[PDB]
Amino acid sequence: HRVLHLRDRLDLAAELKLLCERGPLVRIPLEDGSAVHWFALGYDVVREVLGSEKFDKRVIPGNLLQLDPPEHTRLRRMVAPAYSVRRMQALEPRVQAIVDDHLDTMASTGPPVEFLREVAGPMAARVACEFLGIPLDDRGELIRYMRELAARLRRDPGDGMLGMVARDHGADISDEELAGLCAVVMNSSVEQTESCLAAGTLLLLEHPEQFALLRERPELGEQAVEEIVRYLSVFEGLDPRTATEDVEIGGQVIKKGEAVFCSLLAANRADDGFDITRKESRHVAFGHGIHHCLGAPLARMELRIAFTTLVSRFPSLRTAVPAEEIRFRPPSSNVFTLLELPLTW
Ligand code: HEM
């Protein structure tokens, strides 16, 4: 369903805008008759689908996204406390210092920099290691095996999320499951986070009035992050939800066995101007329901710290090429991202 990923730079492509005019829930019978699929394109309908207990994540270790209740509930309940408010507050100054480390490197290497590979990527990966409690001597290689690392950490719990889980649920979670929890954080989550960091920096640079506003008013940081994750929608479309029974959604009956594809991109953008003064953003960039992004507290905190510090430390920041020359990854189910971001200051 490639149409759900068609963009014009950061915006929706005409072809996808045209599809969204067909309504927030679109029936898509397959040309071969093999199945009936649905596109959930609107904010309310996507929330209706994702909140419903009448869908599973069937195909048509430690990876929560591939589990349905009750097994999903069991594992999520064990890892959830690592993202409490009390955990993020204790972590914030250390995240601030990691951000500062990387903007230190940047300000000393001097311009230009390829912001994605040289700053955003390493920063996100280093924050993830800190959150997970990866031993310092393992971080270089991990960022550059998983079962071995997870088994050693399980043998002697340390700090961070992996230590909490092993300490508090040692017997209940296997080596491979603990390794899987680590991999999801270090792989997909870093991809999404680094993309937000780099493309969000571009978005701010393309709205210089708001780049400056966030420097003058750092208290806008939390609002800015919500507007940035809404506007970017780097996680564009979700794994299909298959109805386990007939269910009425947005006025239509989705029959047992039919698959629904939620487009966070369309839900976040099809209604929109980028504005960090918005006090509350209408978006589903982190999903909704039992699979709602477990990392959202961390992502929100890391991005707030990163964007606020960046605009403060680099008021002269600018793209080293015309914005219109930036390359974006072509339509794919993979995370949306630019390919490189040359900056100068
Ligand atoms: C801006 C960055 C991020 C975005 C936009 C994002 C987005 C999402 C979305 C939309 C989902 C739901 C997928 C679905 O329901 O099919 C999800 C799930 C998940 N995310 Fe994130 N994510 C981000 C960063 C992170 C981080 C930093 C972590 C961990 C440190 C993380 C860990 C997870 C996990 C474990 C799940 C699965 C939860 C479950 O299935 O119960 N994500 N994310």
# chains A, B, ... in the order shown; residues from 1 in each chain; ligands from 1

$ residues_near_ligand --ligand "ligand 1" --cutoff "6 Å" --atoms "only C-alpha atoms and all ligand atoms" --output "short mmCIF file (atom, residue, chain, number, x, y, z; two decimals) with N, CA and C atoms, in the first residue's frame"
data_model
loop_
_atom_site.label_atom_id
_atom_site.label_comp_id
_atom_site.auth_asym_id
_atom_site.auth_seq_id
_atom_site.Cartn_x
_atom_site.Cartn_y
_atom_site.Cartn_z
N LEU A 64 7.35 -6.35 21.74
CA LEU A 64 5.97 -6.10 22.18
C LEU A 64 5.03 -5.92 21.01
N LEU A 65 5.50 -5.33 19.91
CA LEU A 65 4.60 -5.03 18.81
C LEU A 65 4.05 -6.27 18.14
N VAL A 185 14.95 -0.97 21.18
CA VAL A 185 15.35 0.38 21.59
C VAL A 185 16.52 0.86 20.74
N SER A 189 13.93 2.27 17.45
CA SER A 189 13.63 3.47 18.21
C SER A 189 14.65 4.57 17.94
N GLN A 192 13.86 6.06 14.50
CA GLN A 192 12.79 7.04 14.61
C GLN A 192 13.27 8.30 15.31
N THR A 193 14.03 8.14 16.40
CA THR A 193 14.46 9.30 17.16
C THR A 193 15.45 10.14 16.37
N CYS A 196 13.63 12.10 13.76
CA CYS A 196 12.97 13.27 14.32
C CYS A 196 13.97 14.39 14.58
N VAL A 234 7.26 10.52 11.35
CA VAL A 234 8.32 9.67 10.82
C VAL A 234 7.89 8.21 10.83
N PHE A 235 7.04 7.83 11.78
CA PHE A 235 6.39 6.53 11.79
C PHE A 235 5.09 6.75 11.04
N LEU A 238 1.06 2.05 10.29
CA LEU A 238 1.17 0.98 11.26
C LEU A 238 0.94 -0.39 10.63
N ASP A 239 1.51 -1.42 11.32
CA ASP A 239 1.25 -2.82 11.05
C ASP A 239 -0.26 -2.98 11.02
N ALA A 285 1.05 10.53 16.51
CA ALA A 285 2.39 10.20 16.05
C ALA A 285 3.01 9.06 16.86
N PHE A 286 2.58 8.87 18.11
CA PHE A 286 3.03 7.77 18.96
C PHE A 286 1.99 6.65 19.08
N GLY A 287 1.00 6.63 18.21
CA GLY A 287 -0.02 5.61 18.25
C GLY A 287 -1.04 5.88 19.34
N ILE A 290 -3.28 -0.09 23.46
CA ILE A 290 -2.37 -0.88 24.28
C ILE A 290 -0.96 -0.89 23.72
N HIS A 291 -0.80 -0.64 22.42
CA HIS A 291 0.51 -0.63 21.77
C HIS A 291 1.09 0.78 21.67
N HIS A 292 0.42 1.77 22.25
CA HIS A 292 0.94 3.13 22.28
C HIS A 292 2.43 3.15 22.63
N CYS A 293 3.18 3.96 21.91
CA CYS A 293 4.63 3.95 22.04
C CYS A 293 5.10 3.92 23.49
N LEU A 294 5.76 2.82 23.86
CA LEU A 294 6.25 2.69 25.23
C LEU A 294 7.35 3.72 25.51
N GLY A 295 8.08 4.12 24.48
CA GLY A 295 9.17 5.05 24.64
C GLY A 295 8.81 6.51 24.59
N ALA A 296 7.53 6.82 24.45
CA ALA A 296 7.17 8.21 24.22
C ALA A 296 7.69 9.13 25.32
N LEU A 298 10.46 9.01 26.95
CA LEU A 298 11.87 9.25 26.67
C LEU A 298 12.04 10.08 25.41
N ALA A 299 11.36 9.70 24.33
CA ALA A 299 11.43 10.44 23.08
C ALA A 299 11.04 11.90 23.29
#

$ select_by_dssp --residues "region 67-295 of chain A" --states "strand (DSSP E)" --output "list in words"
residues 113, 114, 241, 242, 243, 247, 248, 249, 252, 253, 254, 259, 260, 261 and 262 of chain A

$ write_last_selection --atoms "N, CA, C and O atoms" --output "mmCIF file, in the first residue's frame"
data_model
loop_
_atom_site.group_PDB
_atom_site.id
_atom_site.type_symbol
_atom_site.label_atom_id
_atom_site.label_comp_id
_atom_site.auth_asym_id
_atom_site.auth_seq_id
_atom_site.Cartn_x
_atom_site.Cartn_y
_atom_site.Cartn_z
ATOM 1 N N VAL A 113 28.747 20.310 8.970
ATOM 2 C CA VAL A 113 28.595 18.961 9.498
ATOM 3 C C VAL A 113 27.469 18.312 8.715
ATOM 4 O O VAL A 113 26.541 18.984 8.252
ATOM 5 N N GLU A 114 27.568 17.002 8.541
ATOM 6 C CA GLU A 114 26.448 16.192 8.083
ATOM 7 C C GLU A 114 25.672 15.808 9.342
ATOM 8 O O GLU A 114 26.039 14.862 10.038
ATOM 9 N N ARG A 241 -4.085 -4.143 11.584
ATOM 10 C CA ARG A 241 -4.944 -4.656 12.640
ATOM 11 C C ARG A 241 -6.042 -5.474 11.978
ATOM 12 O O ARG A 241 -6.793 -4.942 11.157
ATOM 13 N N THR A 242 -6.118 -6.761 12.299
ATOM 14 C CA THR A 242 -7.142 -7.627 11.723
ATOM 15 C C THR A 242 -8.312 -7.780 12.696
ATOM 16 O O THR A 242 -8.119 -8.126 13.865
ATOM 17 N N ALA A 243 -9.525 -7.548 12.203
ATOM 18 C CA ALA A 243 -10.708 -7.707 13.035
ATOM 19 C C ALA A 243 -10.878 -9.162 13.438
ATOM 20 O O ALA A 243 -10.853 -10.064 12.593
ATOM 21 N N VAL A 247 -17.084 -5.664 13.405
ATOM 22 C CA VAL A 247 -16.995 -4.499 14.282
ATOM 23 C C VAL A 247 -17.294 -3.247 13.468
ATOM 24 O O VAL A 247 -16.804 -3.091 12.345
ATOM 25 N N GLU A 248 -18.108 -2.354 14.038
ATOM 26 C CA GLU A 248 -18.488 -1.113 13.378
ATOM 27 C C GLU A 248 -17.480 -0.032 13.743
ATOM 28 O O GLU A 248 -17.257 0.245 14.925
ATOM 29 N N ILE A 249 -16.889 0.583 12.728
ATOM 30 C CA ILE A 249 -15.863 1.604 12.897
ATOM 31 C C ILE A 249 -16.205 2.752 11.966
ATOM 32 O O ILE A 249 -16.360 2.542 10.759
ATOM 33 N N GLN A 252 -19.007 2.149 9.428
ATOM 34 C CA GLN A 252 -18.956 1.014 8.523
ATOM 35 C C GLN A 252 -18.629 -0.255 9.290
ATOM 36 O O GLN A 252 -17.992 -0.218 10.346
ATOM 37 N N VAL A 253 -19.089 -1.382 8.762
ATOM 38 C CA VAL A 253 -18.872 -2.672 9.400
ATOM 39 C C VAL A 253 -17.610 -3.292 8.804
ATOM 40 O O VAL A 253 -17.557 -3.610 7.616
ATOM 41 N N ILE A 254 -16.584 -3.442 9.625
ATOM 42 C CA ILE A 254 -15.382 -4.159 9.234
ATOM 43 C C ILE A 254 -15.612 -5.621 9.586
ATOM 44 O O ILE A 254 -15.846 -5.960 10.750
ATOM 45 N N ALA A 259 -8.360 -6.621 7.266
ATOM 46 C CA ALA A 259 -7.198 -5.933 7.819
ATOM 47 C C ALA A 259 -7.312 -4.426 7.629
ATOM 48 O O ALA A 259 -7.643 -3.948 6.541
ATOM 49 N N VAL A 260 -6.992 -3.674 8.679
ATOM 50 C CA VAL A 260 -7.073 -2.221 8.673
ATOM 51 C C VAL A 260 -5.668 -1.663 8.819
ATOM 52 O O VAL A 260 -4.947 -2.021 9.759
ATOM 53 N N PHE A 261 -5.302 -0.779 7.908
ATOM 54 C CA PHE A 261 -4.007 -0.108 7.888
ATOM 55 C C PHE A 261 -4.225 1.331 8.332
ATOM 56 O O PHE A 261 -4.859 2.111 7.616
ATOM 57 N N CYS A 262 -3.672 1.691 9.488
ATOM 58 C CA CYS A 262 -3.759 3.049 10.004
ATOM 59 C C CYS A 262 -2.627 3.902 9.457
ATOM 60 O O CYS A 262 -1.449 3.539 9.562
#

$ residues_around --residues "residue 313 (chain A)" --least-positions-apart "3" --cutoff "9 Å" --atoms "only C-alpha atoms" --output "list in words"
residues 103, 107, 215, 308, 309, 310 and 316 of chain A

$ atom_distance --atom1 "CA of residue 269 (chain A)" --atom2 "CA of residue 12 (chain A)"
7.3 Å

$ residues_around --residues "residue 300 (chain A)" --least-positions-apart "4" --cutoff "8 Å" --atoms "only C-alpha atoms" --output "ChimeraX atom specification"
/A:222,225-226,296,304

$ closest_residue --among "A:2, A:282, A:9, A:207" --to "residue 327 (chain A)" --atoms "only C-alpha atoms"
A:9

$ atom_distance --atom1 "CA of residue 35 (chain A)" --atom2 "CA of residue 271 (chain A)"
29.2 Å

$ closest_residue --among "A:230, A:87, A:154, A:318" --to "residue 202 (chain A)" --atoms "only C-alpha atoms"
A:318

$ closest_residue --among "A:276, A:110, A:55, A:16" --to "residue 67 (chain A)" --atoms "only C-alpha atoms"
A:55

$ residues_around --residues "residue 236 (chain A)" --least-positions-apart "2" --cutoff "6 Å" --atoms "only C-alpha atoms" --output "count of residues only"
4
